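K.L.:
This is the structure I want to talk about, given as structure tokens.
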Amino acid sequence: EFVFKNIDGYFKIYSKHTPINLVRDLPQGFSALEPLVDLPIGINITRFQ
Amino acid sequence: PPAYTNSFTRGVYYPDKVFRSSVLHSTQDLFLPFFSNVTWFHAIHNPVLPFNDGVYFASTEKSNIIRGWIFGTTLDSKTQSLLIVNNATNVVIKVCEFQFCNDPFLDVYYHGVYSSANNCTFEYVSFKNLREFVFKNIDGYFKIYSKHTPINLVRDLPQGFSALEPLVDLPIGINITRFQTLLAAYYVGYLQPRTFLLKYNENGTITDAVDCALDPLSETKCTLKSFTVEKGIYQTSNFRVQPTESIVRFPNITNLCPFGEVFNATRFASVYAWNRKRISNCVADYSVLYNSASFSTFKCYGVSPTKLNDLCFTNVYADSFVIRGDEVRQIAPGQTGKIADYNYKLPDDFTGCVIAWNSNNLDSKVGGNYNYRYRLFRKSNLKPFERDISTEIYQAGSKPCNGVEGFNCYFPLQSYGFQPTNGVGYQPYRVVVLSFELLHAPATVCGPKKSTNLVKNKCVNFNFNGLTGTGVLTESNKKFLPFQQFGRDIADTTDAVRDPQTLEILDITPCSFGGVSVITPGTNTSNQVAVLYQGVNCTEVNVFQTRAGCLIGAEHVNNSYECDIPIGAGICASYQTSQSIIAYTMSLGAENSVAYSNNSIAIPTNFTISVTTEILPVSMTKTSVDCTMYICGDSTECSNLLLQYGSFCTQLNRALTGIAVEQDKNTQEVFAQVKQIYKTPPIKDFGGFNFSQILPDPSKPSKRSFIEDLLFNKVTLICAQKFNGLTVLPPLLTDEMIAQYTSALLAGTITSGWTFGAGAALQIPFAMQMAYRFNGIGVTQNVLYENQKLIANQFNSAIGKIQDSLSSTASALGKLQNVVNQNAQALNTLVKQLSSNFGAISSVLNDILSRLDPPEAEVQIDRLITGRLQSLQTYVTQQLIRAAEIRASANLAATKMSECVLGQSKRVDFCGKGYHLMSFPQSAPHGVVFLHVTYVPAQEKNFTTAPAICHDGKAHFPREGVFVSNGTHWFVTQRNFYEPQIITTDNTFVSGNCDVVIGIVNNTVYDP
Ligand SMILES: *[C@@H]1O[C@H](CO)[C@@H](O[C@@H]2O[C@H](CO)[C@@H](O)[C@H](O)[C@H]2NC(C)=O)[C@H](O)[C@H]1NC(C)=O
Ligand SMILES: *[C@@H]1O[C@H](CO)[C@@H](O)[C@H](O)[C@H]1NC(C)=O
Ligand SMILES: *[C@@H]1O[C@H](CO)[C@@H](O)[C@H](O)[C@H]1NC(C)=O
Ligand SMILES: *[C@@H]1O[C@H](CO)[C@@H](O)[C@H](O)[C@H]1NC(C)=O
Ligand SMILES: *[C@@H]1O[C@H](CO)[C@@H](O)[C@H](O)[C@H]1NC(C)=O
Ligand SMILES: *[C@@H]1O[C@H](CO)[C@@H](O)[C@H](O)[C@H]1NC(C)=O
Ligand SMILES: *[C@@H]1O[C@H](CO)[C@@H](O)[C@H](O)[C@H]1NC(C)=O
Ligand SMILES: *[C@@H]1O[C@H](CO)[C@@H](O)[C@H](O)[C@H]1NC(C)=O
Ligand SMILES: *[C@@H]1O[C@H](CO)[C@@H](O)[C@H](O)[C@H]1NC(C)=O
């Protein structure tokens, strides 16, 4: 997953890899996401595509 | 080689001319510290001594040789000099200036000098004896204090005290930092910002003064504002453990810091093709900038190079190119020209540094370089952040050009010639430019910031990646996730921090905190101290470490005794065992082990009848502090500004009057619960129960008996409160009427007893009243009817002990005394907040208005009056809570009088320790005193017991009082007094068979 946001001019991206074997839908469970890359770009971005 | 002696209690002077009587008013100013070294001087074979904060001078001049002084700061024939002459009993002072010689001195071989002057500004003329002259300059005024005391001793200073009254005021106004006397034993001292606790007598003479920070007892006295410090432990002040130096930590080195890689580039690009190497996400050591010996220029525009390392940049840049030598000075803001426009334009707000160095011996060729080209001319300045790689053909005229030179067709491309015959301005140079940007983004690049070293187990500051603070770092075993940097606690307080350099988990702990207690016995017994440093390990600060803290001055005692001065966590101190202060583990009473038995009892055969004394604060100082007068002193502006608060002013008085009326109510249901004021019979035939001590004495002016008089004398500051609007309203019940109600209640207790609480009083002899007040506690009346005289003996003995308790003990009336106190310093601090600035310029409204214009004075009194209103709100809330406590005690006293004076209370430990008998109210101001006559067994005897008796196979249990035996025969007696009965059917009832009863023994029952 790629979390996109400019909060207080600080662009954060989190990740969490879980090896599971199912394709039906999103898992019914709990997960925690820890940051990997943090570039405080601070750009006035309000839309994405 | 000056000798140093002890100054004793010398160096105390009247700080100001205000007169004070019988008050221990403490003060702090430039003073001579107690027990300080004194530099004794003599005239053998005359230097300049520092003035310091103050100067103390003393001398012993029987023949009056020491009479002169020369003071000053430079003495360069330009500054005025103090000059004191005492000739013909005349004091002469003048500040003229005269030239000095190599060794200026006064003709004094064995038994004056003055030349002309330059500038004179101030003119003024006025063993057996010890003359003292302190010298100081406060607010530009030079002050001299004198005291001549006739003594007969010359070897050293006397061991006593004497004040130093002043003589003259000298308003020189000139700063003085040096002095020098002119000439047989005289001393010199020095004044320091100390603090004393002065003591004025009845006539206003300072009889004794004590320093504050001399010893722990001195600090205790300074805090308490008293000389006689009783027993106990007193919290004086706090203590801090200062950080050692500092700890600053930041990431460093990282991978390579590859600035030298840019420096040692073999080839360089053209001037038009300057290359930007982005610098980010790397710790900048900035070590390359230090070696400036090889750099031709080192300057910065728009940034301070000194603060480059101390500040962090979000992003940084470095640019390198090669140009000619003479173009260095043209790289500056505010400069124009072809080079400044068509090549590189410097904005006026450029932030960076320009660095260049010689490269002619490495970047020059014999035949000339042909690699760096650019565009010579262009129509306008280059737009920002544009790469000028365009090679457009210059065409000044209107004639079109076909790419070949001709008519008005000039080729814009020209080549440079690098030759040895060229001048200095043709040399090739290396140029490197650094630009640092701070956009609207957080900083990403930080300097090393002197990572230094890291110290464990020693309190010190710390700065970890911008996390500052103070504490002590300790090794910890708390694991951290790789993305988690620093720890936390429940209260959002930092607990663990990991070192950025090494992934080691370090705790953070308070430095020391804790106050500074002072465990001292009363001056009645001893004079030694024992400082307890609350809850600190005995490592940063004879010494016996305790759970409660680090204890100093007392040795641990392996034996355990009764606690006398509680310390903390079970530790207790005492001076008795020469004898010295100790600190041991408290043992609550002698460790007893009552022999719990299968069938044995210890029923008392004798007893005692004490008369304890529990004092209950029933009423208090009825106060109704009017808001307007107290809060604002006689000011229309203050009245208008106070009216804004509105309901606070009008409701503070409502709350205080509610307090007053409820205190009168407390008094009403406490004393005035008797309908008719009964009076003592003229003849007191009580069967030996002497009552004259507590019954009112007709010979006395008021009907307050001896005990009440002693109480009133013991409790004590009378007309010093009702002075600032704190109108102490008189009680509705006059103190004489309070005495009347107490006497009525006590006389009803005598003649009517408990009955006068349920209607009119019903007469009963005092011998009959105790004849059933014993019966209340399960004690048969035969006790009194057989030992009434002895009962009277114990009663009168306890009454006699009451006077001793009042006189010899200052804590006998502790509760009432501290209640009257609490009120006294409550009103006192209420007064002092009139002096507190509360953030205003001063505490005088008139001074504020006179000093400044009303536009700002109004704001000043606004802040001051908000502070005063907050202070009054705090006082009234504290008064409400204290009056709630007083109301709880008043209902408790009413309950004790209803159940205990107007009855015989069955609640244990309510009317004293033991089986209660009766009580006597003895009013004391803002309170009441009870005389809890109780019953306490003393002497026991071990007997044998059994619940039941089977004579004819039928069990027999005692109605009241367990079965006992003296060894041969079995008897019945109540619990609280051994009195045997012959076991008969009258005192026993049959219930069940024998084999169902546990502990039953066979026995013989008499048959009436
Ligand atoms: C209980 O103790 C008291 C003392 O507190 C005893 O009173 C003593 O009585 C004898 C006569 O029997 C006198 O000679 C003594 O002078 C009394 N003592 C004092 C201090 O005056 C009392 O007798 C004891 N009662 C019993 C039953 O032992
Ligand atoms: C104060 O002066 C009076 C003089 O009438 C004297 O009687 C009294 O003893 C003095 N007070 C003290 C404490 O010496
Ligand atoms: C306090 O001082 C008085 C004065 O002599 C003395 O009688 C008394 O014993 C002292 N207090 C104690 C507890 O020793
Ligand atoms: C005081 O510090 C030492 C280490 O210097 C430690 O062993 C001891 O347990 C500490 N004292 C207390 C009461 O924790
Ligand atoms: C009661 O005590 C007072 C003083 O304590 C004494 O003057 C009086 O004579 C005593 N009365 C009796 C009856 O003992
Ligand atoms: C009873 O007390 C006496 C005197 O102290 C003692 O000698 C005896 O052993 C005790 N008996 C019991 C059963 O405790
Ligand atoms: C117990 O009291 C009785 C009373 O008559 C007496 O005869 C007997 O000797 C007493 N025994 C002891 C051990 O006191
Ligand atoms: C306690 O006394 C009873 C008396 O009947 C006896 O039966 C029992 O054995 C005794 N127990 C002990 C532990 O002495
Ligand atoms: C008590 O006396 C009865 C006689 O009726 C006897 O049966 C019983 O055993 C006795 N018990 C004890 C403990 O002596």
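Residue numbers start at 1 in each chain; chains themselves are named A, B, ... in the order of the structure tokens; ligands are numbered from 1 in the order shown.
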What residues in chain B have any atom no more than 8 Å from chain A when counting only C-alpha atoms, and can you write them as number ranges by chain?
P.N.:
B: 440-442, 483
K.L.:
Can you tell me which residues surround segment 169-178 of chain B at a distance of at most 7 Å, considering only C-alpha atoms, apart from same-chain residues fewer than 4 positions away, and format the answer as a list in words?
P.N.:
residues 48, 49, 50, 51, 52, 71, 72, 73, 140, 141, 142 and 143 of chain B
K.L.:
Which residue out of B:429, B:200, B:122, B:286 has the minimum interatomic distance to ligand 2 when only C-alpha atoms and all ligand atoms are used?
P.N.:
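Using only C-alpha atoms and all ligand atoms, the shortest distance to ligand 2 belongs to B:200.
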K.L.:
Within 7 Å of ligand 4 (counting only C-alpha atoms and all ligand atoms), which residues show up? I'd like them as a PyMOL selection string.
P.N.:
chain B and resi 537-539+547
K.L.:
Using the selection just defined, write its residues with N, CA and C atoms as a PDB file, in the first residue's frame.
P.N.:
```pdb
ATOM      1  N   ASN B 537      19.109   8.806  46.844  1.00  0.00           N
ATOM      2  CA  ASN B 537      20.167   7.863  47.169  1.00  0.00           C
ATOM      3  C   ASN B 537      21.337   8.589  47.821  1.00  0.00           C
ATOM      4  N   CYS B 538      21.957   7.939  48.805  1.00  0.00           N
ATOM      5  CA  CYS B 538      23.075   8.553  49.511  1.00  0.00           C
ATOM      6  C   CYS B 538      24.362   8.400  48.714  1.00  0.00           C
ATOM      7  N   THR B 539      24.336   8.815  47.450  1.00  0.00           N
ATOM      8  CA  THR B 539      25.514   8.805  46.593  1.00  0.00           C
ATOM      9  C   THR B 539      25.904  10.203  46.149  1.00  0.00           C
ATOM     10  N   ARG B 547      14.933   4.656  53.572  1.00  0.00           N
ATOM     11  CA  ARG B 547      13.938   4.572  52.510  1.00  0.00           C
ATOM     12  C   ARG B 547      13.364   5.947  52.193  1.00  0.00           C
TER      13      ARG B 547
END
```
K.L.:
Report as a PyMOL selection string all protein, DNA and RNA residues lying within 12 Å of segment 800-817 of chain B, evaluated on only C-alpha atoms, omitting residues in the same chain fewer than 3 positions from it.
P.N.:
chain B and resi 229-232+522+524+610-620+690-694+706-716+793-797+820-824+886+889+923-932
K.L.:
Show me which residues line ligand 7, defined as having an atom within 10 Å of a ligand atom where only C-alpha atoms and all ligand atoms count, and present them as a list in words.
P.N.:
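Listed by chain and ascending number, the contacts are residues 965, 966, 967, 968, 969, 970, 971, 980 and 982 of chain B.
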K.L.:
Using N, CA and C atoms, can you write the selected residues to a file as a PDB file, in the first residue's frame?
P.N.:
```
ATOM      1  N   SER B 965     -12.302 -18.911  87.723  1.00  0.00           N
ATOM      2  CA  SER B 965     -11.941 -19.645  88.925  1.00  0.00           C
ATOM      3  C   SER B 965     -10.626 -19.108  89.465  1.00  0.00           C
ATOM      4  N   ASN B 966     -10.501 -19.108  90.790  1.00  0.00           N
ATOM      5  CA  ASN B 966      -9.271 -18.686  91.445  1.00  0.00           C
ATOM      6  C   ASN B 966      -8.279 -19.826  91.618  1.00  0.00           C
ATOM      7  N   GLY B 967      -8.610 -21.023  91.141  1.00  0.00           N
ATOM      8  CA  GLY B 967      -7.738 -22.172  91.276  1.00  0.00           C
ATOM      9  C   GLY B 967      -8.423 -23.355  91.928  1.00  0.00           C
ATOM     10  N   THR B 968      -9.253 -23.088  92.934  1.00  0.00           N
ATOM     11  CA  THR B 968     -10.002 -24.127  93.628  1.00  0.00           C
ATOM     12  C   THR B 968     -11.496 -24.040  93.365  1.00  0.00           C
ATOM     13  N   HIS B 969     -12.107 -22.886  93.610  1.00  0.00           N
ATOM     14  CA  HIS B 969     -13.526 -22.679  93.378  1.00  0.00           C
ATOM     15  C   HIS B 969     -13.735 -21.777  92.169  1.00  0.00           C
ATOM     16  N   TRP B 970     -14.900 -21.919  91.544  1.00  0.00           N
ATOM     17  CA  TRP B 970     -15.241 -21.183  90.336  1.00  0.00           C
ATOM     18  C   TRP B 970     -16.183 -20.038  90.676  1.00  0.00           C
ATOM     19  N   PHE B 971     -16.032 -18.922  89.964  1.00  0.00           N
ATOM     20  CA  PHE B 971     -16.766 -17.705  90.275  1.00  0.00           C
ATOM     21  C   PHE B 971     -17.202 -17.015  88.991  1.00  0.00           C
ATOM     22  N   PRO B 980     -16.082 -11.670  92.391  1.00  0.00           N
ATOM     23  CA  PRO B 980     -16.617 -13.029  92.255  1.00  0.00           C
ATOM     24  C   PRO B 980     -18.062 -13.148  92.712  1.00  0.00           C
ATOM     25  N   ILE B 982     -20.867 -16.454  93.748  1.00  0.00           N
ATOM     26  CA  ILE B 982     -21.116 -17.879  93.924  1.00  0.00           C
ATOM     27  C   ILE B 982     -22.055 -18.348  92.824  1.00  0.00           C
TER      28      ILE B 982
END
```
K.L.:
Select the residues contacting ligand 9 at a distance of at most 8 Å, based on only C-alpha atoms and all ligand atoms, then format the selection as a compact mmCIF listing (two decimals) with N, CA and C atoms, in the first residue's frame.
P.N.:
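So pocket-v4.txt came out as:
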```txt
# COMPACT_ATOMS: atom_id res chain seq x y z
N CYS B 950 -22.46 -28.09 83.88
CA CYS B 950 -23.46 -29.16 83.95
C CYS B 950 -23.41 -29.78 85.34
N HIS B 951 -24.35 -29.37 86.20
CA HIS B 951 -24.44 -29.91 87.56
C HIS B 951 -25.27 -31.19 87.58
N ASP B 952 -26.52 -31.12 87.12
CA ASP B 952 -27.39 -32.27 87.01
C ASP B 952 -27.58 -32.69 85.55
N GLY B 953 -26.55 -32.51 84.73
CA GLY B 953 -26.64 -32.78 83.31
C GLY B 953 -27.20 -31.64 82.49
N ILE B 1000 -16.82 -26.69 77.89
CA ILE B 1000 -17.55 -26.85 79.15
C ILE B 1000 -16.76 -27.73 80.10
N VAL B 1001 -16.82 -27.41 81.39
CA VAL B 1001 -16.22 -28.22 82.43
C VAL B 1001 -17.30 -28.60 83.43
N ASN B 1002 -17.13 -29.75 84.07
CA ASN B 1002 -18.00 -30.13 85.16
C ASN B 1002 -17.79 -29.19 86.34
```
K.L.:
What residues have any atom no more than 10 Å from ligand 6 when counting only C-alpha atoms and all ligand atoms, and can you list them as a ChimeraX atom specification?
P.N.:
/B:594-597,599-602,940-944
K.L.:
Give me, as a VMD selection string, the residues of segment 129-351 of chain B that a backbone DSSP run labels strand (DSSP E).
P.N.:
chain B and resid 129 to 138 141 to 150 165 to 170 178 to 182 185 to 200 206 to 211 233 to 238 248 to 249 275 to 279 297 to 301 315 to 324
K.L.:
Output C-alpha atoms of each residue in that selection to a file, as a PDB file, in the first residue's frame.
P.N.:
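Saved to again.pdb:
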```
ATOM      1  CA  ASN B 129      36.330  51.967  73.834  1.00  0.00           C
ATOM      2  CA  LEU B 130      35.672  49.776  70.791  1.00  0.00           C
ATOM      3  CA  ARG B 131      34.499  51.812  67.799  1.00  0.00           C
ATOM      4  CA  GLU B 132      32.780  50.142  64.836  1.00  0.00           C
ATOM      5  CA  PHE B 133      32.291  51.805  61.426  1.00  0.00           C
ATOM      6  CA  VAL B 134      30.632  49.810  58.656  1.00  0.00           C
ATOM      7  CA  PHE B 135      31.040  51.360  55.199  1.00  0.00           C
ATOM      8  CA  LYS B 136      28.625  50.799  52.328  1.00  0.00           C
ATOM      9  CA  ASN B 137      27.063  52.629  49.386  1.00  0.00           C
ATOM     10  CA  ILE B 138      23.388  51.865  48.713  1.00  0.00           C
ATOM     11  CA  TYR B 141      24.294  56.990  49.607  1.00  0.00           C
ATOM     12  CA  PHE B 142      27.420  56.354  51.669  1.00  0.00           C
ATOM     13  CA  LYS B 143      26.387  55.258  55.159  1.00  0.00           C
ATOM     14  CA  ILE B 144      28.324  55.065  58.429  1.00  0.00           C
ATOM     15  CA  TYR B 145      27.093  53.258  61.545  1.00  0.00           C
ATOM     16  CA  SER B 146      28.790  53.695  64.914  1.00  0.00           C
ATOM     17  CA  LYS B 147      28.727  51.898  68.256  1.00  0.00           C
ATOM     18  CA  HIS B 148      31.122  52.481  71.167  1.00  0.00           C
ATOM     19  CA  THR B 149      30.911  49.814  73.871  1.00  0.00           C
ATOM     20  CA  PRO B 150      33.088  49.998  77.022  1.00  0.00           C
ATOM     21  CA  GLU B 165      23.063  52.599  65.016  1.00  0.00           C
ATOM     22  CA  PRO B 166      23.752  55.066  62.176  1.00  0.00           C
ATOM     23  CA  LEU B 167      25.165  58.581  62.319  1.00  0.00           C
ATOM     24  CA  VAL B 168      25.139  60.312  58.907  1.00  0.00           C
ATOM     25  CA  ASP B 169      23.999  59.892  55.311  1.00  0.00           C
ATOM     26  CA  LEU B 170      26.486  60.739  52.549  1.00  0.00           C
ATOM     27  CA  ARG B 178      38.146  50.131  46.099  1.00  0.00           C
ATOM     28  CA  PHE B 179      39.266  51.827  49.308  1.00  0.00           C
ATOM     29  CA  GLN B 180      42.375  52.334  51.435  1.00  0.00           C
ATOM     30  CA  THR B 181      42.688  53.377  55.076  1.00  0.00           C
ATOM     31  CA  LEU B 182      45.335  55.627  56.635  1.00  0.00           C
ATOM     32  CA  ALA B 185      44.610  46.468  66.625  1.00  0.00           C
ATOM     33  CA  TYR B 186      41.950  47.005  63.959  1.00  0.00           C
ATOM     34  CA  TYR B 187      39.933  44.537  61.894  1.00  0.00           C
ATOM     35  CA  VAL B 188      38.473  44.514  58.384  1.00  0.00           C
ATOM     36  CA  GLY B 189      35.465  42.551  57.157  1.00  0.00           C
ATOM     37  CA  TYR B 190      33.270  42.188  54.075  1.00  0.00           C
ATOM     38  CA  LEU B 191      29.516  42.421  53.527  1.00  0.00           C
ATOM     39  CA  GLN B 192      27.615  39.813  51.514  1.00  0.00           C
ATOM     40  CA  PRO B 193      23.961  39.403  50.521  1.00  0.00           C
ATOM     41  CA  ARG B 194      23.021  37.413  53.627  1.00  0.00           C
ATOM     42  CA  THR B 195      19.706  37.229  55.502  1.00  0.00           C
ATOM     43  CA  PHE B 196      18.978  37.554  59.224  1.00  0.00           C
ATOM     44  CA  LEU B 197      16.088  37.097  61.640  1.00  0.00           C
ATOM     45  CA  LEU B 198      16.268  40.238  63.764  1.00  0.00           C
ATOM     46  CA  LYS B 199      14.721  40.396  67.233  1.00  0.00           C
ATOM     47  CA  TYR B 200      13.452  43.718  68.574  1.00  0.00           C
ATOM     48  CA  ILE B 206      17.993  44.512  68.695  1.00  0.00           C
ATOM     49  CA  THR B 207      18.863  42.037  71.451  1.00  0.00           C
ATOM     50  CA  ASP B 208      19.889  39.169  69.151  1.00  0.00           C
ATOM     51  CA  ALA B 209      20.049  38.401  65.443  1.00  0.00           C
ATOM     52  CA  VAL B 210      20.628  35.056  63.730  1.00  0.00           C
ATOM     53  CA  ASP B 211      21.820  34.300  60.215  1.00  0.00           C
ATOM     54  CA  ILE B 233      11.161  17.918  61.796  1.00  0.00           C
ATOM     55  CA  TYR B 234      10.811  21.083  59.713  1.00  0.00           C
ATOM     56  CA  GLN B 235      10.834  21.306  55.921  1.00  0.00           C
ATOM     57  CA  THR B 236      13.196  24.217  55.264  1.00  0.00           C
ATOM     58  CA  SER B 237      13.863  24.275  51.514  1.00  0.00           C
ATOM     59  CA  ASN B 238      14.650  22.157  48.450  1.00  0.00           C
ATOM     60  CA  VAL B 248      24.557  16.975  22.825  1.00  0.00           C
ATOM     61  CA  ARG B 249      24.111  14.085  20.388  1.00  0.00           C
ATOM     62  CA  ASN B 275      26.069  21.424 -13.123  1.00  0.00           C
ATOM     63  CA  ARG B 276      24.016  21.100  -9.937  1.00  0.00           C
ATOM     64  CA  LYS B 277      24.800  18.112  -7.708  1.00  0.00           C
ATOM     65  CA  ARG B 278      21.865  17.760  -5.325  1.00  0.00           C
ATOM     66  CA  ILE B 279      22.859  17.396  -1.664  1.00  0.00           C
ATOM     67  CA  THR B 297      38.003  33.476  -1.505  1.00  0.00           C
ATOM     68  CA  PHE B 298      35.686  32.546   1.363  1.00  0.00           C
ATOM     69  CA  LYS B 299      32.610  34.758   1.737  1.00  0.00           C
ATOM     70  CA  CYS B 300      28.867  34.357   2.235  1.00  0.00           C
ATOM     71  CA  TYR B 301      25.939  36.547   1.173  1.00  0.00           C
ATOM     72  CA  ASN B 315      17.945  20.970   1.530  1.00  0.00           C
ATOM     73  CA  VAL B 316      21.403  22.122   0.442  1.00  0.00           C
ATOM     74  CA  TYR B 317      23.195  22.516  -2.876  1.00  0.00           C
ATOM     75  CA  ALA B 318      26.678  22.735  -4.379  1.00  0.00           C
ATOM     76  CA  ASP B 319      27.603  24.112  -7.809  1.00  0.00           C
ATOM     77  CA  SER B 320      31.000  23.941  -9.524  1.00  0.00           C
ATOM     78  CA  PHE B 321      32.299  25.674 -12.653  1.00  0.00           C
ATOM     79  CA  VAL B 322      35.404  27.355 -14.072  1.00  0.00           C
ATOM     80  CA  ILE B 323      35.761  31.041 -14.999  1.00  0.00           C
ATOM     81  CA  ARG B 324      38.580  33.573 -15.236  1.00  0.00           C
TER      82      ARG B 324
END
```
K.L.:
Counting only C-alpha atoms and all ligand atoms, which protein, DNA or RNA residues come within 6 Å of ligand 8, given as JSON, numbers by chain?
P.N.:
{"B": [598, 998, 999, 1000]}
K.L.:
Report as a list in words all protein, DNA and RNA residues lying within 9 Å of residue 752 of chain B, evaluated on only C-alpha atoms, omitting residues in the same chain fewer than 4 positions from it.
P.N.:
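Near residue 752 of chain B, the qualifying residues are residues 747, 748, 756, 761, 762, 763, 764, 765, 766 and 769 of chain B.
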K.L.:
Using only C-alpha atoms, please write the residues we just selected to a file, as an mmCIF file, in the first residue's frame.
P.N.:
```cif
data_model
loop_
_atom_site.group_PDB
_atom_site.id
_atom_site.type_symbol
_atom_site.label_atom_id
_atom_site.label_comp_id
_atom_site.auth_asym_id
_atom_site.auth_seq_id
_atom_site.Cartn_x
_atom_site.Cartn_y
_atom_site.Cartn_z
ATOM 1 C CA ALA B 747 -23.928 22.285 86.755
ATOM 2 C CA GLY B 748 -26.706 20.424 84.967
ATOM 3 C CA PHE B 756 -31.643 17.948 81.454
ATOM 4 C CA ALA B 761 -33.490 19.460 84.583
ATOM 5 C CA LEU B 762 -34.312 16.693 87.057
ATOM 6 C CA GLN B 763 -32.267 16.716 90.250
ATOM 7 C CA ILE B 764 -29.922 13.817 91.002
ATOM 8 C CA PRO B 765 -26.983 13.568 93.435
ATOM 9 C CA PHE B 766 -23.556 13.323 91.836
ATOM 10 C CA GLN B 769 -25.051 10.021 88.571
#
```
K.L.:
Neighbouring residues of segment 770-783 of chain B were defined as those with any atom within 7 Å, considering only C-alpha atoms; residues of the same chain fewer than 5 positions away were excluded. Please report them as a ChimeraX atom specification.
P.N.:
/B:904,915,917,976
K.L.:
Residues at most 10 Å from residue 484 of chain B, counting only C-alpha atoms, excluding those fewer than 3 positions away in the same chain, as a list in words?
P.N.:
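The filter keeps residues 34 of chain A; 479, 480, 481, 487, 497 and 498 of chain B.
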K.L.:
Kindly compile the residues surrounding ligand 2 within 8 Å, counting only C-alpha atoms and all ligand atoms, and format them as number ranges by chain.
P.N.:
B: 201-203, 205
K.L.:
Tell me, in Å to one decimal, how far atom CA of residue 957 of chain B is from atom CA of residue 1005 of chain B.
P.N.:
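A separation of 11.8 Å between them.
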K.L.:
With distances taken over only C-alpha atoms and all ligand atoms, which residue among B:469, B:757, B:521, B:417 lies nearest ligand 3?
P.N.:
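Using only C-alpha atoms and all ligand atoms, ligand 3 sits closest to B:521.
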